[PDB]
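Student: What follows is a structure written as structure tokens; I'll ask about it next.
Cβ placement follows ideal geometry from the backbone for every residue including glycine, while neighbour counts extend to all protein chains displayed. No value in this document is a laboratory result; all are computed from the given coordinates.
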Amino acid sequence: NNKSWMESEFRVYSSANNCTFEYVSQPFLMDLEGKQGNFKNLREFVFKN
Amino acid sequence: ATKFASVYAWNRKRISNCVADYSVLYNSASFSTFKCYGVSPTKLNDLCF
Amino acid sequence: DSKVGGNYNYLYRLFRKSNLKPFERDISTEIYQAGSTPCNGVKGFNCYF
Ligand SMILES: *[C@@H]1O[C@H](CO)[C@@H](O[C@@H]2O[C@H](CO)[C@@H](O)[C@H](O)[C@H]2NC(C)=O)[C@H](O)[C@H]1NC(C)=O
Ligand SMILES: *[C@@H]1O[C@H](CO)[C@@H](O)[C@H](O)[C@H]1NC(C)=O
């Protein structure tokens, strides 16, 4: 019933044993509310190694 | 550091995504001995690791 | 040319101000100022023969 959306489960991995690289940018906030309607924001990403 | 580990369980800490300013390290005369076995001590500022 | 106690009669120029000339000769024993500090006398910290 509560209009709240927050991170609750970090169900991604079990062990991070021998790490080498970490990248952390400055803290900020993003909207986790369940926005409805037609898709307004368009995000285009390109990855290459 | 306030307390160092001992030789039986020598602590190992990682260095990443930094600029390793060896100038202050080498110029600090508080150290007793300083011996590099692989490369010339003065040139660590040039060859990137 | 070898002795059980170590034939230390043989030496080499470990330090010099720069690269040498072709067929260059030098018997200099002047202490090299390895550290940024000026070096006087004949010995001292970071003063390498
Ligand atoms: C990163 O660390 C892990 C463990 O801390 C290394 O994996 C170990 O490798 C040794 C010998 O290769 C094995 O005897 C251990 O059983 C391994 N332990 C684990 C948990 O895997 C791993 O080799 C390290 N990575 C690198 C690149 O050195
Ligand atoms: C909403 O949050 C409050 C406080 O965290 C909690 O008491 C309540 O039960 C929550 N809503 C529902 C429907 O459980």
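Student: Rg over Rh of chain B, using C-alpha atoms and the Kirkwood radius, what does it come to?
Tutor: Details: Rg = 13.2 Å, Rh = 13.4 Å.
Answer for chain B: 0.98.
Student: Hey, another quick one. One quarter of the convex hull surface, Cα atoms only: what value does that give for chain A in nm²?
Tutor: 6.9 nm²
Student: Counting other beta carbons within 10 Å of each residue's own, what order do C:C47, B:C18 fall into, fewest first?
Tutor: Ordered from fewest to most neighbouring Cβ atoms within 10 Å, C:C47, B:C18 come out as B:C18, C:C47.
Student: Please arrange B:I15, C:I31 by counting, for each residue, the other beta carbons lying within 10 Å of its beta carbon, fewest first.
Tutor: Numbers: B:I15 7, C:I31 16.
By the 10 Å Cβ count, ascending, the order reads B:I15, C:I31.
Student: Tell me which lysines have Cα within less than 25 Å of C:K21's Cα, excluding those fewer than 8 residues away on the same chain?
Tutor: Within the straight-line limit of under 25 Å, C:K21 reaches these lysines: B:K43.
Student: Okay, next question. Could you work out Rg/(2.2 N^0.38 Å) for the protein assembly as shown, with Rg from alpha carbons only? Show your work: numbers first, answer last.
Tutor: Values: Rg = 28.9 Å, N = 147, 2.2 N^0.38 = 14.7 Å.
Relative to the rule-of-thumb radius for its length, the protein assembly as shown sits at 1.97.
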